[PDB]
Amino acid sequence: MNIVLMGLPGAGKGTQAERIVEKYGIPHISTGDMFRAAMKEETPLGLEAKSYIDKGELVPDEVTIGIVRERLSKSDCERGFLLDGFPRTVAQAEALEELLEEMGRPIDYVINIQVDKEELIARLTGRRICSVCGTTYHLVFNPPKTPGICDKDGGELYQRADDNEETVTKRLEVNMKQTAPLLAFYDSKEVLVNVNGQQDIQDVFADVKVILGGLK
């Protein structure tokens, strides 16, 4: 099961990836996670990515492709894999198509999670993450028992640095522009499948399961 999740910022890719992971046991390769790890450790790759991430811009293709190429250089990815947030440009997708052809591991499905932009903005600006355990909540859609605090550990919830309104607006603008031709690319390859992301989490995942059930 060689799967790409795509969707505009806030579409719920990470939420669905966690479920896909737990059910099918394929590795979750998240560029967003990998960049945030590098940023937090202040590595040279981290500091390079940060200038872009903090503005809501894409990290250049050169470094991104190269970190993904080799993440996929691993024995855990022979089962299959779940790419979350890569590719997000046609040039990324074309690099990935080549690499995977050579690797014998071409993409089965690209699952595109579709959510109205108004809701996307609400999802991102209202997201709150536990500073203690990393659990994600949402002010409206999945609120804590006590506002501002994690149910599990009493930890303070915070808003991610790139989830303020102005950075969200930039992130949507950047990704809307790149998503248009990327979807055309994967549709021409006949691997694109759309899913309605504006359902409860369990129902979105139910639709994902129908798609992937055939690849168990």
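So that there is no doubt, residue numbering starts at 1 and follows the sequence shown.
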note = Between 87 to 95 and 139 to 147, the record assigns the higher mean Cα B factor to 139 to 147
ask   = According to the deposited model, is the average Cα temperature factor higher in 202 to 210 or in 189 to 197?
value = 189 to 197
remark   = From the entry's CA B-factor values, the highest among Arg69, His28, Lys177, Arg171 is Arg69
task = Using the temperature factors in the entry, find which of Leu157, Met34, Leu182, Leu45 has the highest value at its Cα atom.
result = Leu45
task = Consider only the C-alpha atoms of the modelled residues in this chain, order them by B-factor as the entry records it, and name the third containing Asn112: lowest, middle or highest.
result = lowest
request  = Looking at the entry's B-factor column for C-alpha atoms only, identify whether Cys133 ranks in the lowest, middle or highest third of its chain.
outcome  = middle
key: B-factor third for the C-alpha atom of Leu120 within its chain   = lowest
